[PDB]
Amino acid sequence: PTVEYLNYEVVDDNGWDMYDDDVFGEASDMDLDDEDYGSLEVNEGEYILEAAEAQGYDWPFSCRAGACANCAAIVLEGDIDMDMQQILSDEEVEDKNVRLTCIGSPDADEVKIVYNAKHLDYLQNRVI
């Protein structure tokens, strides 16, 4: 699969809303470092965080076990299949689109995420 990704700090510095602004289009016209914006090839069954790390991208994580929110990302297009986790609520998964990249792989041919979503205020209570 292809996961296009945008570091949440770029969304936050610009005052963008990940559903009203053309976050991926506008970050492609900037000159962000590759770990902050780009597209990543990720096999089905391959963890997104580990595909990012194998490109040398030091995306956030702490536990690597679905027991924190440090690796959270928001999926804007496509889907990410996760291992079992009890930290995110059903509403955070189904409506807020929070996925944990340490334990999630692409579930669609094309996925688009805003990673580093640990800075979202509702997730700050599970960030270690």
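A residue's number is simply how far along the shown sequence it sits, counting from 1.
Top residue by Cα temperature factor, when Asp95, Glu50, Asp83, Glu26 are compared in the entry: By C-alpha B-factor in the record, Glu26 ranks first.
Selection from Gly78, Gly66, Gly38, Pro60 [criterion: highest C-alpha temperature factor in the record]: Result of the comparison over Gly78, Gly66, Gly38, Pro60: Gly66.
CA B-factor placement of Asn43, once the chain's modelled residues are sorted into thirds: Its C-alpha B-factor belongs to the highest third of this chain's values.
Record-listed C-alpha B factor of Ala117: chain third: Its C-alpha B-factor, which the entry lists for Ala117, ranks in the middle third among residues of this chain.
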